[PDB]
Amino acid sequence: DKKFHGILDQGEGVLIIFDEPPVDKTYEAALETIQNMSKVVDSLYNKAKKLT
Amino acid sequence: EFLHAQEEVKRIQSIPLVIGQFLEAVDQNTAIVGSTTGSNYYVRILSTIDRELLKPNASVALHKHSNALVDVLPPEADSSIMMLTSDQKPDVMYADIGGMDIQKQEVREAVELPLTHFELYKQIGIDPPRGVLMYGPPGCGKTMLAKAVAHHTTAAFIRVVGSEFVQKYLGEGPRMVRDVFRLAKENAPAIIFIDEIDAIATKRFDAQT
Amino acid sequence: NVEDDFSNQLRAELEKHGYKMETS
Amino acid sequence: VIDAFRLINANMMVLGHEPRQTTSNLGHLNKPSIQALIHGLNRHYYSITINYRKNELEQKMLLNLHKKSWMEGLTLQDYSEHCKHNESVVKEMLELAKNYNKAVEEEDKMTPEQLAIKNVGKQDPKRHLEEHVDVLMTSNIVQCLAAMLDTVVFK
Amino acid sequence: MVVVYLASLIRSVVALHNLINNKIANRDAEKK
Amino acid sequence: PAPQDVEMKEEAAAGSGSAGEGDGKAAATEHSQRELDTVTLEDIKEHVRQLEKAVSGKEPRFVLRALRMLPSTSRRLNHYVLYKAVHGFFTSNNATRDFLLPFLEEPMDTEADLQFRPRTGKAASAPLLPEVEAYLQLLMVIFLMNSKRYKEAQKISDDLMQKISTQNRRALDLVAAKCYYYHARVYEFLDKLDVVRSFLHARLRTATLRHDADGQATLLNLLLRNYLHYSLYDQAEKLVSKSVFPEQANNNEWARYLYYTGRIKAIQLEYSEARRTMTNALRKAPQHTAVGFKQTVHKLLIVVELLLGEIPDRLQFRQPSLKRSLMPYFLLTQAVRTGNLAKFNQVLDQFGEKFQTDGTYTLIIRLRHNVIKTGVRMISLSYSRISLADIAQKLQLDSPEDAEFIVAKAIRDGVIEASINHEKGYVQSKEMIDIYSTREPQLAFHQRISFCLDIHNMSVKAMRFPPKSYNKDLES
Amino acid sequence: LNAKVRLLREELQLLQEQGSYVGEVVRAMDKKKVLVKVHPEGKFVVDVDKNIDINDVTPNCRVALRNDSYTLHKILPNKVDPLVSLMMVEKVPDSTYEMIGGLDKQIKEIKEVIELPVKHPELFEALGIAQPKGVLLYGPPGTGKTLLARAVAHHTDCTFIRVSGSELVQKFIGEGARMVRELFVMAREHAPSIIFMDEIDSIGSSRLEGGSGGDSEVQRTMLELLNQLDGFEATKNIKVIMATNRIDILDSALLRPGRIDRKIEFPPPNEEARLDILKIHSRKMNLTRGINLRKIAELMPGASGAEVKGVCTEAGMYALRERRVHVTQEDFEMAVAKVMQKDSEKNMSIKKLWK
Amino acid sequence: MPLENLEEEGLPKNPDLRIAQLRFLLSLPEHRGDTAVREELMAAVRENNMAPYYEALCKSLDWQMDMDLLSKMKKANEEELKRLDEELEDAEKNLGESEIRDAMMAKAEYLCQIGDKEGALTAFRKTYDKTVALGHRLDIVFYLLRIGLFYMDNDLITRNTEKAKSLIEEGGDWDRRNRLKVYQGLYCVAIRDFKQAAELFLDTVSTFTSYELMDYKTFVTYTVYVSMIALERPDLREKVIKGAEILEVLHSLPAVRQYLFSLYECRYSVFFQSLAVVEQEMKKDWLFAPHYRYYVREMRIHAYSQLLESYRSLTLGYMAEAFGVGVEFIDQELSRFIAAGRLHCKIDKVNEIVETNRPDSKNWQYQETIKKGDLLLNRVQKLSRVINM
């Protein structure tokens, strides 16, 4: 669910805890935009054929 | 030099300015306006102004020297009345007209549910309400239902009196309607409430006067 | 890449049954 | 907008005497406010020439802004702030992107009024998206460039 | 660029033809 | 059918001639004239013209349409392409393609665009006589791409072409440039062993002094190309160091040059520049010349990629619809992604005979090492420790011992980033998968940004480029 | 860039002016002065500038003026007439064949009378029939007669000019009961049209029992004008249509046939009609699978189309309440019963609910 | 009803079984009257790999069509045209606008059923010009889209979708908006990316009342299958498992239900068992994948990832057994799984502990910006070199 995110070691009787994400919003926001860009280029190329 | 040249135009764009309202753009060089003076002008458009935000209806500035279209004003600015009866709201709620259950359920659903959240009503499939007419015996108390909802929102309630549209000062009357309606479009959603339309707009108009 | 699908369906069902006996 | 008048009577204009007196003038005519002003100007003495006594020392004084530019060229902000800027721009760019697809597919129209309605030509995605890439690039360069410069030099 | 090219295509016919007109234009102007 | 041959010829001769003469004559509009003449005209002459209507030769009328030389000696070449030796593999005219002076009927009608015979005939210190000569020379040898003819009119065509040239002019080298390409091809492309070289060098010297870019460009490509086919590679490598390609050469000229250069650097151990040059040539010039080249370019390109250190995906095979041509290659690819040695050797051998043809043979041996290199990267990356014996079996190496030595070398190169523990019986993964840790996210940005700088410069310059000609045409 | 600034210095002195006005040309005079009427200021006879536009002399064109004497500038390419503006302000409901549909009998009768001649009088003319003068609509209230009039306008692609009996609507002479021909002229301009006269039976009930309608007065005159007019008696594509629900109001010209093309009797809403209307309505909202549209209509006793649509509309209120995203079967169960109570009220009062 | 036609064209394409699928493909087009077009359509079916048509020179003529069907459809189509021309003659006599439109629009749909594209476009064209019900307007444009999906020409799909897409939102019809999602949903399985498709199907079961669609039960079975492919345990759990609606309805699903359940239990022994069988079972019968590699590759990454994320260490035996396949196959698979950077685990076979480092971190998100940027980046250079000449 990623409530705290960790890994449970059943081989040793311990629970490995990771804490305070270094995950940044800058990166996450950037991912949405870049997928929309790939779409625009496809539409552009189709129009490109006329010019040639 | 272009900047210093642009500064020529900056000095004319200043006061005196009289406000017109932009009917439409014929071109990006000439346009038609109908001013608040109570006269319409077909005037020229200078340089260093946007027509991007000004193409549909908006307030616009003319210079009083030229009597031509020097500058632009936002569609939001020059709003005749913005709010009233939400900062002037009554404290009356649904519990001071505690009865009339059928009536209470109708007003609440038509007026409150679109202001608070447009998405939910639309989500179901059924359109969120557009035009409301309210009819019945006068002894029920339509104004009072209006009061309860006016209190409850505490925002997006524009109270306009039908006499307040008509005016002695020249050309303000048809214009006064443009300024308040145009503002409702910008600060969406908002409800416009006209108390009595039964003594301002009449079935018989004689039109000799 | 390479065609993993043809190979995995046959391998997964068969190998798993022998593995049941072999290991837990 | 400055004009000069000595101011002489009406008759002098009417006769045409007034240009005989002005000699050693060039003259000029401008109109801040319509025909009424022009008439007032002509009656007076119209625009007699204004020259300026100026030179480079006076010119240098007027030039100035800030010596404080000294601190500012080096200054860069907190890294959390660098991230705020980058985030705000990428988020913005997503919104405009959907119109952009249409823009490149079409825009046969060259007529500004028709283009505006058709492919959301007014509120154009090209103008703004370019404008956006350009602020983000320059902003990141100056902040990044300064941080590194300071590091080497102070230690 | 793709849009800029569509504009240059319409432009080409007029721009290309104009070149000849200019040299002649200078003679006419001087004559009359 | 001669009664039907005459409509076809007259139209063809006039249309192609009109465009070459009207363009050449202006003489000071060099950029426009250079572009129109190189790409459009020669391409028009090959693909649309020949194919159109009954009989591919429309040559007999054409010789008379302009002027070569006044006796019917130079004309004779027009008859020889039609019939002698082979007769090409184009459709020849029945008659009225006459041995000495093809046609009895002029289409000239004293035009400036279709010339007149005595009128051109005065010129010899004018560009009017060399330009016409060349256009006719070019047309005649134009059949050679399509036909792949040998020893017809191409016996004396090399000599005759030298005669047309003299000390040339900048305008004359631009038209002549079309002839220079065919001059190598006639003995080069067929691979008859003869000297095409003397002429090619000689024009090259003259064009550099006058400094006409169109001419120099064409010669340098041919000189490299000729050598490689002859199997005198040593000559081609040494040539490149002395060459200078103009930066104002046209788009076909660049594509041909780049392909040919690409095969050469690939041999030297420079795969990185070799792949990029071959890919870009195909987009740069879509030509009818280009059709013969494409199969080779993709075939050579794939072996060239595997060596660099990229393993190409399946999709690439599918799109250019040339999948079949690519097909034996496709197997070699599936073999690298699995990373198993044994599959590679067998496949590459049976197929190897075909591969000799593209120019792949020199490389072919080295492709062995890539397969294992891909196996080593997967073993180290995936796990920490797996026994050396497990790896030995998986890749199908000869010995468990053999796995150690190969692993030991690979680490030194530093592409793997692991440690092999010889005594302990396992490989230890020292690497961890990351791209944010060291100085390295900056590098990751660097490569992404780097490819972009080139794209930006191209987009912006290119936008401006039609307007540059309008600005010159005098518009604001 | 240099060109932009060069232009710029000249513009400032040029712009200095006494303003502009917008009028329209009534007529031009032969001598080249034009009689134009400025809309806020008085009418003026004044000349044209021929450096800019020679079309400004053409009558019945809205024109720009640049003030310096009220001189004509150019003609504005955007024009408007009051007849189009009447259609525009109301935003009349327009509806398709389905809504009325399920009254199979009703459609064939209306479709022949009104729609074929407006669409093509030529067909009628070849055949040898006389163009329809009057169309009388009668039948009980709640048979979709008002909606059908609106629907018919959409189908022919003809404007719906409703004379409502307001004096808010009227600017043509500011009243309408001697405005016969002025509407016919403007209708012909924006041809084809159907002029509609309506009784809602809630406002002007006093006019009706008084002497057989003041609203019938307007209809009788328009019908007279339309019977004989100019050379446009031959061809007609402008009808005058009446909605009424009584036979009492009908004067002598209305009552007889071969003075009116048709008198239409409407079939009351049946079980078919509720289905056909319900089906097209139910599409607008989300629906849950396995709900029979047949079942809802059949239970529904209605009293109008308005009632049938009221089922879907009431359904939405229920979906919010339950807090669903799709309007389930349960929402519909409660809705039929709630709509049945409205019907019952309509019947008790022997008058319509709406007022 | 028509959605099966679209699925059936898809089946010869599956690289997992070419031949059986041909018999599935024939069945529904024979009933509907695609016979007449099918001579032209047959070339598309060759790319998809084999056809059993009477004029097919393809391998399977083991379920070959009889000659009489081709001819019967053709006479029928001409007969239909003969009635239509005559309807058209009658139309002028009544209203021009009503009668000619109803007939022209009916003729188009009929033409569309056959799969004649050309005849469809022209016939429709007049009806669009004229006034017709908003809901009807959206169903007719979807039929032009429906012909292209059958035809499996990719370029063709795009044109129709964009036009339909504007008209649906403009309109008031929610139910109709949903219909377009299914057609587009077929499109999503048709291309390599299966993930995109699941979302359309989840919406459409709720709202898309039966007409131009199969029975409620056959649609629900599609719904759950596709949901499993895109969605991991949190997403799957909230969406499907939480609901009131499934309990009220009652299951008829158990085979597909086990495949959804196994993920939740997080026992890959149960998962993998259900996976080899389900892949073959569902995929062959109705199209959700013409490219078999994509389906298994995505499921296996999720089954391994999810086991690893929760548990640091496992024994090799447990690992071998749960996953299914050989240790050898498993060890090769991992190397490819690692490359992505979301899995990042190490395997010690010499000490028999498989350790999973498992970094949830910024590196995972970072990795994504860098990776995605590559496709686009390569693609502009190619667009620019074309535009300039």
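For this coordinate set, the PDB header names cryo-EM as the determination method and states a resolution of 11.8 Å.

**Q** Can you walk me through the overall build of chain H in this structure?
**A** If you tally the helices and strands in chain H, you get 19 helices and three strands. Across its three principal axes, chain H shows a C-alpha extent of roughly 90 × 65 × 50 Å. The burial tally for chain H puts 58% of its 389 residues in the buried class. Of the contacts made within chain H by residues no fewer than 6 positions apart, 64% connect residues no fewer than 24 positions apart.

**Q** Would you mind showing me how to read the interface of chain F and chain E here?
**A** The parts lose accessible area when they come together, and the size of an interface is often stated as this lost area. Contact residues are listed per partner, giving 11 residues for chain F and 13 residues for chain E. Of the roughly 1200 Å² buried between chain F and chain E on both sides combined, carbon and sulfur atoms contribute 59%. Across the contact surface, chain F and chain E share one salt bridge. Ionic pairing is found between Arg11(E) and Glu475(F), a salt bridge with its closest N-O pair at 2.9 Å. On inspection of chain F and its partner chain E, the count reaches four residue pairs in polar contact.

**Q** Quick question: what am I supposed to make of the sheet that holds strand β2 (residues 419-421) of chain F here?
**A** Through backbone hydrogen bonds, the strands of a sheet pair up, either in parallel or in antiparallel fashion. All names here are of chain F. Pairing in this open sheet of three strands is antiparallel, and the strands run β1-β3-β2 from one edge to the other. For this open sheet the edge positions go to β1 (386-387) and β2, each flanked by a neighbour on one side alone. When β2 meets strand β3 (residues 426-428), the two strands line up antiparallel, connected through three bridges. Along β3, the bridge assignment pairs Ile420 with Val427.

**Q** I keep staring at the arrangement of the chains and nothing clicks. Help me out?
**A** The chain pair with the greatest number of contacts, out of 17 pairs of chains in contact, is formed by chains B and G. There is a gap between chain A and chain B: no contact, and a shortest C-alpha distance of 23 Å. Considering only C-alpha positions, the minimal separation of the non-contacting chain C and chain D is 31 Å.

**Q** It is not clear to me how the interface of chain B and chain G should be interpreted in this structure. Could you clarify?
**A** Each side of the interface is counted separately: chain B has 37 residues, and chain G has 47 residues. Summed over both sides, the interface of chain B with chain G buries roughly 3800 Å², with 62% coming from carbon and sulfur. Its salt-bridge partner being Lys284(G), residue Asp127(B) comes within 3.8 Å of it at the nearest N-O pair. Across the side of chain B that touches chain G, the residue classes break down as 18 nonpolar, 12 polar and seven charged.

**Q** I keep staring at the UniProt feature "coiled-coil region" (unreviewed entry) in chain H and nothing clicks. Help me out?
**A** Mapped onto the present numbering, the UniProt feature "coiled-coil region" (unreviewed entry) falls at residues 67-101 of chain H. Secondary structure across residues 67-101 of chain H comprises 89% helix and 0% strand; the distance between its end C-alpha atoms is 35 Å.

**Q** What am I meant to see in the packing of aromatic side chains here?
**A** Aromatic ring pairs: the centre-centre distance and the angle between the two ring planes describe each pair. All names here are of chain H. Applying the stated criterion across every chain, the model contains 39 aromatic pairs over all chains. Aromatic side chains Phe194 and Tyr294 sit 5.0 Å apart centroid to centroid with 85° between the ring planes, which places their arrangement in the edge-to-face category. Of this pair, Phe194 sits in the loop between α9 (174-190) and α10 (198-206) while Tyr294 is found in helix α16 (residues 292-310), placing the two residues 100 residues apart along the sequence. With a relative accessible area of 2%, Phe194 lands in the buried category. Taking relative accessible area as the criterion, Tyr294 reaches 21% and is therefore assigned partly exposed.

**Q** Explain helix α13 (residues 305-322) of chain G here, please?
**A** An α-helical segment advances 3.6 residues per turn. Residues three or four places apart therefore align on the same side. If you check α13(G), its first and last C-alpha atoms are 27 Å apart, about what 18 residues at 1.5 Å a residue would give, namely 26 Å. Among the residues making up α13(G), those that are buried are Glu307(G), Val308(G), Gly310(G), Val311(G), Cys312(G), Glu314(G), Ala315(G), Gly316(G), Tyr318(G), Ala319(G), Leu320(G) and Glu322(G). The inward-facing, buried residues of α13(G) abut α2 (101-116) and α3 (118-124) of chain B together with α11 (271-282), α12 (293-299) and α14 (329-349) of chain G. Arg323(G) sits one or two residues past α13(G) and shows a positive phi near 75°.

**Q** In this structure, what is going on with unusual backbone geometry? I would like to understand it.
**A** Excluding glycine, residues mostly carry a negative phi; peptide bonds, for their part, are mostly trans. For the bond from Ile15(B) to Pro16(B), the omega torsion is 20°, close enough to zero to count as cis. As for its placement among the helices and strands, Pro16(B) is situated in the loop between α1 (2-13) and β1 (17-25). Note that the residue after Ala191(G), namely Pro192(G), is joined by a cis bond; omega there is -10°. Considering the arrangement of structural elements, one finds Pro192(G) in the loop between α7 (181-189) and β8 (193-197). Unlike most non-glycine residues, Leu7(D) shows phi in positive territory, near 80°. With respect to the helices and strands, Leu7(D) occurs in the segment before α1 (10-15). Residues other than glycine seldom take positive phi values, yet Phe103(F) does so here, at roughly 85°.

**Q** Would you explain the nonpolar core in this entry?
**A** Generally speaking, a soluble globular protein has its nonpolar side chains buried in company with each other. Formed by 125 residues in total, the largest nonpolar core has its most connected members in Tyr53(H), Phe124(H), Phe219(H), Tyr259(H), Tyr268(H) and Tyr295(H). Of all the elements, helix α7 (residues 134-151) of chain H adds the most residues to this core, at 11 residues. For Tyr268(H), the contacting residues outside a window of four places in its chain are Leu263(H), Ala303(H), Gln306(H), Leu307(H), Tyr318(H) and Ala322(H). Ranked by size, the runner-up nonpolar core spans 88 residues in total, among them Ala153(F), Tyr227(F), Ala236(F) and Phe351(F).

**Q** Just to check I follow, could you spell out the UniProt feature "domain: PCI" (unreviewed entry) in chain H for this structure?
**A** In this structure's numbering, the residues bearing the UniProt feature "domain: PCI" (unreviewed entry) are residues 193-361 of chain H. Measuring from the first to the last C-alpha atom of residues 193-361 of chain H gives 27 Å, for a span that is 64% helix and 6% strand.

**Q** I would appreciate a short explanation of the environment of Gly121(F) in the present structure.
**A** Note on placement: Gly121(F) falls in helix α5 (residues 117-121). Each C-alpha atom of the pair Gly121(F) and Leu67(F) lies 7.6 Å from the other, and the pair is 54 residues apart in sequence.

**Q** Can you walk me through the side chain of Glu52(B) in this structure?
**A** With respect to the helices and strands, the residue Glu52(B) is situated in the loop between β3 (40-44) and β4 (58-63). In this structure the side chain of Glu52(B) is engaged in a polar contact, spanning 3.2 Å, whose partner is the side chain of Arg127(D). Residues within four places of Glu52(B) in sequence aside, it is in contact with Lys122(D), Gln123(D) and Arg127(D).

Thresholds applied
- Residues numbered from 1 in each chain as written, not as in the entry; some residues may be left out.
- Chains lettered and ligands numbered in written order.
- Part of a larger assembly, values for the part shown.
- Heavy atoms only, no water.
- Helix = DSSP H or I, 4+ residues; strand = E, 2+ residues; numbered from the N terminus.
- Buried < 20%, exposed > 50% of the residue type's maximum accessible area, 1.4 Å probe, protein only.
- Contact = heavy atoms within 4.5 Å.
- Buried area = accessible area lost by both parts, 1.4 Å probe.
- Salt bridge = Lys/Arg side-chain N within 4 Å of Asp/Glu carboxyl O.
- Polar contact = N/O pair within 3.5 Å; in protein donor to acceptor, adjacent residues only side chain to side chain.
- Pairing = 2+ DSSP bridges.
- Nonpolar A, V, L, I, M, F, W, Y, C, P; charged D, E, K, R; others polar.
- UniProt positions renumbered as here; feature names shortened; annotations may be inferred.
- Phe/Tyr/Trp six-rings, centres within 6.5 Å; stacked < 30°, edge-to-face > 60°.
- Expected span 1.5 Å × (residues − 1).
- Core = buried A, V, L, I, M, F, W, Y, C linked by side-chain atoms within 4.5 Å.

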